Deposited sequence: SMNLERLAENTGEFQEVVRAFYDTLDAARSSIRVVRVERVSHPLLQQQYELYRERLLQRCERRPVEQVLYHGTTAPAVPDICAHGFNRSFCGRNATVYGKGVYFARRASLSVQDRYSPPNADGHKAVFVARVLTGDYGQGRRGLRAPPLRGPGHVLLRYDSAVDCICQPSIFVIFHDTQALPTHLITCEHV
């Protein structure tokens, strides 16, 4: 909470982020209000992230290798994420693996079970760049992405998902594979 910077409502960056948030808010597009949007700066994690991104850009089948995704969290977790990035050791049921869950659609992250509100009724949703790369099928046992199986050089997939077909959830298992960029503070009207 020391490397957060509030964005004014009348700026390009605030509008990009908020528009993308409302576009994917579905069910609750008209119940949810935005209180605040803050830029997250973590120069070190960003460098560690860019190095991983270079390795994936050089060798992934799927495109894109990188996606913007939402992570709802508890008020107490906000300082840690801003200081350290996403920490899978805080693992709700780990249905698709013991990793950090990101959602394609904000509708999912903004639910009270993922972003529970605090005493002021404020809900914490992070926007993150995530190196999804080549994803495999998640399942509850997974302490890492699932094995690629025989005849692949790479031992494991980059991430795990609910469903390979149209995936809506990504589970990532490396501290450097997800960079928080913005903290959206929202509430139910």
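- When the deposited sequence is numbered from 1, the one segment without any C-alpha atom is 92-93.
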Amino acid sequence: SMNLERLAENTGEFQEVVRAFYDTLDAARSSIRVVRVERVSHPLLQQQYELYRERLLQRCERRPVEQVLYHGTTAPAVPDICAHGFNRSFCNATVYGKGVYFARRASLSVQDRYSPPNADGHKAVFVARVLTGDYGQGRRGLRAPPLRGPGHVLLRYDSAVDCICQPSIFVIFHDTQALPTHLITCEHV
From here on, numbers count along this sequence of modelled residues.
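- In this entry, 61-69 shows the higher mean Cα temperature factor of the pair 61-69 and 40-48.
- The PDB entry records a higher mean C-alpha B factor for 29-37 than for its counterpart among 29-37 and 134-142.
- When all modelled residues of the chain are sorted by CA temperature factor, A103 is found within the lowest third.
- Sorting the modelled residues of the chain by their CA temperature factor places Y96 in the middle third.
- Per-chain ranking of the deposited C-alpha B factor places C163 in the highest third.
- Sort the chain's modelled residues by C-alpha temperature factor and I184 lands in the lowest third, per the entry.
- Among the modelled residues of its chain, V110 has a C-alpha B-factor that falls in the highest third according to the deposited record.
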